[PDB]
Amino acid sequence: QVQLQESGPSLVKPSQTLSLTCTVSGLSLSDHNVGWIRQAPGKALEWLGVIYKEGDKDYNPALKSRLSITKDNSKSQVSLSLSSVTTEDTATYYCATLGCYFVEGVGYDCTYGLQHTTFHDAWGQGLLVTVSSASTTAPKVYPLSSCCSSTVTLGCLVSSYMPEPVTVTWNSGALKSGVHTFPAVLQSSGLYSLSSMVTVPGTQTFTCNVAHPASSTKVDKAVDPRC
Amino acid sequence: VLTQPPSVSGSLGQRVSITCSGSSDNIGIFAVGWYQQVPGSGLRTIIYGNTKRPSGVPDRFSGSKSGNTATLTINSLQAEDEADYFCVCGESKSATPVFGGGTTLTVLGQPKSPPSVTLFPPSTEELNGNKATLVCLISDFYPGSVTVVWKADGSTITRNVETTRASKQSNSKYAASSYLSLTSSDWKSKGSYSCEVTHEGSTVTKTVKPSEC
């Protein structure tokens, strides 16, 4: 009955400090335990730590006091900082509530990703953070035409950007039928590229709207279907 | 760590079970949970308190425990159940939760589907900057594995090719993409370029000729 959203930079330099925010919506943090869990590419889940509603904390001993978790009840935000990062810290980071319940004949217990009292799902979305020396690079956006009586399929190429992610809409969100946006590839340049394709069978216009939050850039591209 | 089988399979509409083995200091004392995750996506809680379901989790998922082993049972398997499942439990001697290594569930019997392929040439604006990207988009294939070969004038190209892994679409089929990066000058150097996509012993080929665009 709850929403948690992770936010912060997707790229951190080696030996520097990774910081993230968990913004909680529709609860008071005075009444909720909130914790952090990460998943490295391909591998196990690892617990980072938790801040209880009473204000005390617990941390994973395996992170060697590199962790700090704080909260601001007034702003509905929980903060995480992890110092001296290496490539071992490249992972997807989740916030979640630690919700407690009575187990019949046993006592009280708690589970991460569960809201107390209502027992609804209470996981954040997850945010990938990559530890890397690479510089931020805004994408170049190119129109795609299959015109090389034809049935015409068109698109936008979002070329040579860093880091992930980017968002694509068409006609400021109005066009959705026949839209397929593909996951990105990493090219030998060391930069990402992805494509969005529109398949439609007139007065119709086609404009792709690309956003790259890491570079605070937005690009609108008109694409011509005709031949 | 809690011990799970790396993989299990069941058929559409049938039952499957996933075990999670631990010790008398974790599963023997504390309450087991279960999480579901589709690769590329986030985590969802399926079970808490050994046997309880969060709001909105359908009752064909059930959880049980005996001694130091917990079990997740899934009845009436659907395509959407294809995912990874992790068990979790508290421990007597720390605040650290203990996780299972995870189990990948495959749901058999799903309908086969050949890939749709679209091949885009480089745009005039890219060629103006002395670069040329060819884009091969691959959609609506099941099962989720293809191989891609690029050719120029019938000769296999190896350099400057990058191909994504297959990823699951909204409609539970799979998509992928392949990129050939050239200079403006190499684009015009050849008569024809081909993207050849092989899926379950069948091959779909698309071609573009620089002379016609």
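Just so we're on the same page: letters track the sequence lines, and every chain starts at 1.
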Quick check against the 3.5 Å criterion: does [X] have a side-chain atom that pairs as donor or acceptor with the backbone of [Y]?
X	Y	value
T92(A)	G126(A)	no
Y193(B)	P121(B)	no
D121(A)	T45(B)	yes
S113(B)	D140(B)	yes
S23(B)	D25(B)	yes
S193(A)	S160(A)	yes

**Asked** With a 4.5 Å limit on heavy-atom distance, are the side chains of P163(A) and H212(A) in contact?
**Response** yes

Drop me the distance from [X]'s [atom1] to [Y]'s [atom2], to the nearest 0.5 angstrom.
X	Y	atom1	atom2	value
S9(B)	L108(B)	OG	CG	3.5 Å
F120(B)	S146(A)	CZ	OG	5.0 Å
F182(A)	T164(B)	CZ	OG1	9.0 Å
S41(B)	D84(B)	OG	CG	11.5 Å
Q16(A)	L18(A)	CD	CG	11.0 Å
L4(A)	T23(A)	CG	OG1	9.0 Å

At their closest point, which heavy atom of [X] faces which heavy atom of [Y], and how far apart are they?
X	Y	value
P61(A)	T96(B)	CD-OG1, 3.9 Å
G10(B)	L105(B)	N-CD1, 4.3 Å
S196(A)	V179(A)	OG-CG1, 4.0 Å
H199(B)	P143(B)	CE1-O, 2.9 Å
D89(A)	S84(A)	OD2-O, 4.3 Å
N160(B)	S188(A)	ND2-OG, 4.2 Å

**Prompt:** Angle class for the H116(A)/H32(A) ring planes (parallel below 30°, perpendicular above 60°, tilted otherwise)?
**Reply:** perpendicular

**Prompt:** According to the interplanar angle, ranging from 0 to 90°, do the rings of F61(B) and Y85(B) count as parallel (below 30°), tilted (30 to 60°) or perpendicular (above 60°)?
**Reply:** tilted

Side-chain donor-acceptor pair present, [X], [Y], cut-off under 3.5 Å:
X	Y	value
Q1(A)	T118(A)	no
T207(B)	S194(B)	yes
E196(B)	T203(B)	no
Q110(B)	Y142(B)	yes

**Prompt:** Looking at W123(A) versus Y94(A), is the centre-to-centre ring distance below 6.0 Å?
**Reply:** yes

**Request:** Start with the C-alpha gap between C20(B) and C87(B), add the side-chain angles, then the distance that decides, and say whether disulfide (SG to SG under 2.5 Å) holds.
**Result:** CA-CA 7 Å; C20(B) 170; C87(B) 54; 2.0 Å; yes

**Message:** If you apply the rule side chain to side chain contact (heavy atoms under 4.5 Å, CB included), what do you find for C136(B) with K206(B), and how did you get there?
**Reply:** CA-CA 9 Å; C136(B) 196; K206(B) 296 300 202 205; 5.9 Å; no

**Request:** For side-chain hydrogen bond (donor to acceptor under 3.5 Å, both in side chains), just list the numbers for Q4(B) and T103(B), CA-CA rounded to whole Å, side-chain angles, deciding distance to a tenth of an Å, and then say yes or no.
**Result:** CA-CA 6 Å; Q4(B) 293 180 59; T103(B) 302; 3.1 Å; yes

**Prompt:** Which salt bridge (charged side-chain N to carboxylate O under 4.0 Å, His left out) pairs, counting each pair once, include a residue from residues 53-63 of chain A, with sequence neighbours left out?
**Reply:** none

**Message:** Listing request: all salt bridge (charged side-chain N to carboxylate O under 4.0 Å, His left out) pairs with a residue in residues 97-112 of chain B, at least two apart in sequence or in separate chains.
**Reply:** none

**Criterion side-chain hydrogen bond (donor to acceptor under 3.5 Å, both in side chains) on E91(B) and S94(B), from CA distance to verdict** = CA-CA 6 Å; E91(B) 193 182 39; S94(B) 72; 2.7 Å; yes

